[PDB]
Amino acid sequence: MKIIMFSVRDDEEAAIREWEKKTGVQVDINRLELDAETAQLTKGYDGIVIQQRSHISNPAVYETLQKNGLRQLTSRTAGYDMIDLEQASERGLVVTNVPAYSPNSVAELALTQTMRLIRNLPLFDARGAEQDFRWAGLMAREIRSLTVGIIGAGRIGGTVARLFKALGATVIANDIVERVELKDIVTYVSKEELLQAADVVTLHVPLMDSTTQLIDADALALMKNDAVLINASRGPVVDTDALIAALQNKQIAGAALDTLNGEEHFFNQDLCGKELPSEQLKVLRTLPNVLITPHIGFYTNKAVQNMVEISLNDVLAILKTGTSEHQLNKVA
């Protein structure tokens, strides 16, 4: 038995071949995408796994698969928006995703980013660019003496607290629901209390109408002038404009942004001396106190492995059983 995998990265390769071993299933990789040309490559295969943003329209695809008799179309990413569920449905194609990869990936990036700001490192690095090596006024703090606010103590949000609690810090959290598992880890508080008490605020909530622009300028108002803002979740959870405003005015210390508003038109593109599409991107990259990362929180050996492992196991289940825990569709 064998699976074909598309659009495979060089960093995914280690993880696939570990799973090839484990299950004794043979998997074949290529660097293509799925289009009606390349669908013909499914010929000798019992199933397929893809990765891409490209919306796949042409019914010749779902036909061709069904014609070589694949019973599913699997995506290793969280998003399915490029697969047409109806089209899969009528072709006897069950389509699955991989929503949850290791919550540690993002977490340790929240940690790294935070520590840097805590040590005042971007300012050292600035001074030291010009060979001012003086340390005047840059005295920093120890984590045990910090109180870390977490909004959305989640799968991730929860992992984050656990990290910091372990480092010796003091962890408070704002959440609409309390987990008992976090009982010795966070003290639960209202958003208004957290913002007031917290040296570091880190946003782990999902992006909903509920949470969109949860950080509004009166929430930034509420924060300590020397406190920092860490957003690893989703760009729109934050008011990009109020952020900038607060920063300039020194309402808060600085920030780490892994995700920004309007990033679909910048992160993961070669902008090298093209022009920047976001006036905010342009204004934030000119702020000294602010770090930015291309929504790479996820991107780690163990996280890539999950997407590789899970997405493949979903392929097996559909084949042996006919059902996967991750399936988004029906057939007839």
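One rule holds for the numbers: they count along the sequence shown, beginning at 1.
Q.
Which is higher on mean Cα B factor in this entry, 35 to 43 or 266 to 274?
A. Mean C-alpha B-factor is greater for 266 to 274.
Q: Output the stretch having the higher mean C-alpha B factor in the entry; the candidates are 113 to 121 and 76 to 84.
A: It is 76 to 84 that shows the higher mean C-alpha B-factor.
Q: Would you mind checking which of 147, 105, 261, 202 has the top Cα temperature factor in the PDB entry?
A: Within the set 147, 105, 261, 202, 261 shows the top C-alpha B-factor.
(Q) Just the C-alpha B-factor column, please: which of 243, 256, 129, 185 has the biggest number? (A) By C-alpha B-factor in the record, 185 ranks first.
Q.
Looking at the temperature factor on the CA atom of residue 283, which third of the chain's modelled residues does it land in?
A. Highest third - that is where residue 283 ends up once the chain's C-alpha B-factors are sorted.
Q | CA B-factor ranking of residue 247, expressed as a third of its chain | A | Middle third - that is where residue 247 ends up once the chain's C-alpha B-factors are sorted.
Q: Quick one: classify residue 165 as lowest, middle or highest third of the chain based on its Cα B-factor.
A: It belongs to the lowest third of the chain when residues are ordered by C-alpha B-factor.
Q. Mind checking which third residue 320 falls in for C-alpha B-factor across the chain?
A. For residue 320, the deposited C-alpha B-factor lands in the highest third.
Q) Taking the C-alpha B-factors as the PDB entry records them, is residue 1 in the lowest, middle or highest third of its chain? A) Answer is highest: the recorded C-alpha B-factor places it there.
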